[PDB]
Amino acid sequence: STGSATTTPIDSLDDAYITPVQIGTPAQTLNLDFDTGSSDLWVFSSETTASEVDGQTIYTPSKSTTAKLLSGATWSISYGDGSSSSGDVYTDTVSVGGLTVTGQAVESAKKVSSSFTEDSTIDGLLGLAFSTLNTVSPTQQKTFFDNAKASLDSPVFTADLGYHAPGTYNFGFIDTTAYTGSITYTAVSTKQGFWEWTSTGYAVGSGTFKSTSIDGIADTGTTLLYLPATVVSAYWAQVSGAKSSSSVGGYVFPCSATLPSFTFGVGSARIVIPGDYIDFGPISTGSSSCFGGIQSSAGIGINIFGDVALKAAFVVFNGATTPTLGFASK
């Protein structure tokens, strides 16, 4: 089998992407944030504290003839941005772009933190990291991809995120019309539960490429590109007036600037992030200070190839017995 679904930016900045997902019988369609940095499929629901729902579409398990309470199971997750959610668990039929999994764990939120409530466009998350990170207790649950894998034509999914435009998540096949050149594959460590890999270096604008190993994760659920402070300083030093602002929480730059590109290495290959992809707009409405899309990872503990980086590439998440990642230009 295969599946193919369009993913759409939630706003004019590409802060996140939503993909429609069918849950239950008859189908209830919710728009989920596909997150290769986590491993829980959770949804706003009829069980979510009413004051914490503000415009989201909810899953109502009592209206699904295929929903079954997973008795005793609870979940609770905290994300790198400080947000969180928790609740109980049903199994139900879940379909993405025509690909159907029966018996998928659907984690129903009883509580969500303020940032989820405040984002009316995201009805939940669909985790695509390794199932060892799934938070369901006392019986850990499998991701949608893990459950679908055996049925897929090939044990892969691909992320093709758009810049200010829709893109595609494909399951079970590699669309050879969606990229240019060849796909370069690189080794993955699953030891932390992430799609963790090592970039071979970077360049800023038209500058020379610096060969240096940068271990990080391919994370569709993180907006920006988080890299070591040395790399980030070298980038922003090429932008007149750019500075790191403790009060804002990162590098800012004059909105009048034209930003240089940023290149990262994948083996001997190179992915170029255009400068415009690094502009996240005014820090507050009407400000002439703009927020940068490349930020330091120094306070995180891990480097994160988030949407800013991934949207410049066609990305293969290869879930073969030994997982690997593939990157192509597009």
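Our numbering is plain: 1 for the first residue shown, then up by one each step along the chain.
Using the three backbone atoms N, Cα and C, a Cβ is placed for every residue, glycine included.
Residues annotated as domain 'Peptidase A1' in Swiss-Prot, with sequence analysis given as evidence: 17-328. Look at Swiss-Prot and you will find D35, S199 tagged as active site. Taken from Swiss-Prot, the feature disulfide bond applies to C255-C290.
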Out of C255, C290, give me whichever of these disulfide-bonded residues has the highest number of other Cβ atoms within 10 Å.
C290
Which secondary structure state does DSSP assign to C255 (disulfide bond), in the simple three-class scheme?
coil
Taking 10 A as the limit, how many CB atoms besides its own sit near the CB of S199 (active site)?
22
Can you tell me how far the Cα of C255 (disulfide bond) sits from the Cα of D35 (active site), in Å?
30
Within 10 Å of the Cβ of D35 (active site), how many other Cβ atoms are there?
21
Can you tell me the CA-to-CA distance separating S199 (active site) and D35 (active site), as a whole number of Å?
20
